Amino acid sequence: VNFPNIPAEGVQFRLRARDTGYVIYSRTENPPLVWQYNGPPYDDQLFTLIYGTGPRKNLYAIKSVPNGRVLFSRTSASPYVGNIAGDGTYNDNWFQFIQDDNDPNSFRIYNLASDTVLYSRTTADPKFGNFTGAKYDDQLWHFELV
């Protein structure tokens, strides 16, 4: 089931992990360019959605406010999670927000092209990344409205 409270197209938000409390950031310099962060609110943590239509109905591009790059999540090559210019040129720019099975208020950030979800954890490196496999709570996110 698609998450029922997806931000209206163009509305700004942070993506905050339910369990760690960390937010995603997307910037253009200093690797890692997309990662999790546990600190003050900065503009590189702000995103909006481009709504997919046609073959991308129920998919969304995740665009960085300060730099205009959209997120990607791929299993092909490093960096596995990153950003790129455009409005969703590549199939791995398109995400589905899939509501959790037990927690109605959180969702997984799923990528159809790569069959992966994003996760945020405090344990093994890489502590932020994507993953193809079983459902874990560290895969659960909130939309934080600004």
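Position 1 is the first residue in the sequence shown; the rest follow in order.
**Student:** Mean CA B-factor: is it higher for 34-42 or for 94-102?
**Tutor:** Here the higher of the two C-alpha B-factor means belongs to 34-42.
**Student:** Which is higher in the entry, the mean Cα B factor of 106-114 or that of 51-59?
**Tutor:** Comparing 51-59 with 106-114, the higher mean C-alpha B-factor belongs to 51-59.
**Student:** Rank-wise, by C-alpha B-factor, drop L140 into the lowest, middle or highest third of its chain.
**Tutor:** Its C-alpha B-factor belongs to the lowest third of this chain's values.
**Student:** Taking the entry's C-alpha B-factors for this chain, is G21 in the lowest, middle or highest third?
**Tutor:** Middle third - that is where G21 ends up once the chain's C-alpha B-factors are sorted.
**Student:** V81's Cα B-factor: lowest, middle or highest third of the chain?
**Tutor:** According to the entry, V81 has a C-alpha B-factor in the chain's lowest third.
**Student:** Among all modelled residues of this chain, ranked by Cα B factor, put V1 in the bottom, middle or top third, i.e. lowest, middle or highest.
**Tutor:** For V1, whose C-alpha B-factor we compare with every modelled residue in the chain, the answer is the lowest third.
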